[PDB]
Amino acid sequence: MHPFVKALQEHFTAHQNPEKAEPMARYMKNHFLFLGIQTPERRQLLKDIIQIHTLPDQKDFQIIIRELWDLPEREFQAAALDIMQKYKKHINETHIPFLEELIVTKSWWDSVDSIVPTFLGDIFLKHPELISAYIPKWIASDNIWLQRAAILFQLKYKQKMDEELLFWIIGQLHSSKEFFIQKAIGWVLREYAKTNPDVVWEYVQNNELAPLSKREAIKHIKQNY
């Protein structure tokens, strides 16, 4: 409906590439249709539409992102995320519910990981009191993408990592049978190990986790122990 979205849809479509669509789609296990438009082209095409229509008012950004999210081809969600980054300064704690919706719709690692450690990680840093309003809820939801969100929001924290909170969240999900949860646990631990390898090594040796998670967690540090 929104002219900006429809313009973007027609522009993207005119520049699709079936030869690139196949491998891109297979990378995501065929959960999505792809136009076959990679990042440099996708951003240029977005740029073109912005040059013509200009970037919409901040009070419209959510409608545009939702309309893009509803379109079949994956690049439209990738473009929606490019757009959200442009409005980054206007995204705050009142947008958590909107972000939850994006996380649980058209869900896969590519969209969820693009939302969580950046947007949500920044938000909880700025609004510490909201962690208890969201994280326990996400863990208990049995929606694996919200559960992944609770694990990964601190991914980029480095020295800001709240270790007790991290290990609490992991402990809550350590028995999950979900592939993308075991992976998220391994990832956050592997990433945090670049800052504090000793504590991650100890945690992995001394606590219950899926073998998958243990392997992912220590893949870069095992050479040191």
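We call the rigid core the largest set of C-alpha positions that still match within 1.5 Å between the two forms. Residue positions are given as counts along the sequence shown, with the first one as 1.
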| item | value |
| --- | --- |
| Stretch farther from the shown model on average in 4 other deposited structures of this protein, with CA RMS computed after core superposition (24 to 32, 189 to 197) | 24 to 32 |
| Of 81 to 89 and 146 to 154, the one with larger mean CA B-factor | 81 to 89 |
| Which of 180 to 188 and 28 to 36 has higher mean CA B factor, as the PDB entry lists it | 28 to 36 |
| Residue selected from 161, 46, 173, 200 by maximal Cα B factor | 46 |
| Entry-reported Cα temperature factor of residue 210, expressed as the chain third it lands in | middle |
| Assigned third (lowest, middle, highest) for the C-alpha B factor of residue 217 | lowest |
| CA B-factor ranking of residue 125, expressed as a third of its chain | lowest |
| Third of chain Cα B-factors occupied by residue 69 | middle |
| Among modelled residues of the same chain, the CA temperature factor third for residue 168 | lowest |
